[PDB]
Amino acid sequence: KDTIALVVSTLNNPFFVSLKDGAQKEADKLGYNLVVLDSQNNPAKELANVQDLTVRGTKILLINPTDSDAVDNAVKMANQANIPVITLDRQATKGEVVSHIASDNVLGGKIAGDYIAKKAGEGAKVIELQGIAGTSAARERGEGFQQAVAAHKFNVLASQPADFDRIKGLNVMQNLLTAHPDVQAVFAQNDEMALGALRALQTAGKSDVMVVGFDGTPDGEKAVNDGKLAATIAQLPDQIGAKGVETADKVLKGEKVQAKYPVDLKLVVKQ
């Protein structure tokens, strides 16, 4: 059994657990051995993970960068060891990558901003909780969101990173609420931060604020159905992991693949 390795940015996020299960289920199906390594949002740890795999008989490296610019060293190391690299969910700015599989994050941010304008109205006062700064996902969602801003003349009271983390998303929202109690809507770049923000508005008695997340995880989807979360942009993590293993199979077979494989997004609301 050829071994395929999956280096995921973190496992302390439901989105990445689903991504891992999708890859795992497809690996079982195609008869591969899947090794899963966790970088814990640490580029130094990612590098150590990749260096350890290049001598384990790893045939293909599926990688979710902790940082789109910093991952280039790990990619170049996989290149040196003649191990083809496929990026999942986030890009590698440089380094030789056979294929990239991800959602259209620029579209995702605009759609998020457009839904806010539809509910909170044009010229609405918003706060944006951003993801991990150096990743392509956060960067692109912000750009897409900046398009809805200009178009809907939104007044952005504040925009700040909460690192795709639920607890950080809670503390950052907590701190911003004290300074900006007039907030009407919040765009949270993932469901974890969106759920943290919700808890902050809860602790503050500020139930009037409209929160839009991203991912459509089990928790994110439930909060929308319970009426707490206004909407989330559903991604298909399991299919990104599966498509990644599927593509790793073709490369090993000698079949050429596309340099990019998009995955569908879907606005999620109650009913």
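Don't overthink the numbering: it's just position in the shown sequence, from 1.
- Look at the mean CA B-factor for 126-134 and for 172-180 in the entry; the higher one is 172-180.
- According to the PDB record, 87-95 carries the higher mean C-alpha B-factor of the two stretches 187-195 and 87-95.
- Within the group 27, 234, 231, 47, the record's highest C-alpha temperature factor is found at 27.
- Comparing C-alpha B-factors across 166, 118, 141, 100 in the deposited entry, the largest value falls on 118.
- Residue 246 sits in the middle third of its chain by CA B factor, as recorded in the PDB entry.
- Ranked against the other modelled residues of its chain, the C-alpha B-factor of residue 268 as given in the entry falls in the highest third.
- In the deposited entry, the Cα temperature factor of residue 77 sits in the top third of values across the chain's modelled residues.
- Residue 107 sits in the lowest third of its chain by CA B factor, as recorded in the PDB entry.
- Remark: residue 63 belongs to the lowest third of its chain, ranked by C-alpha B-factor as recorded.
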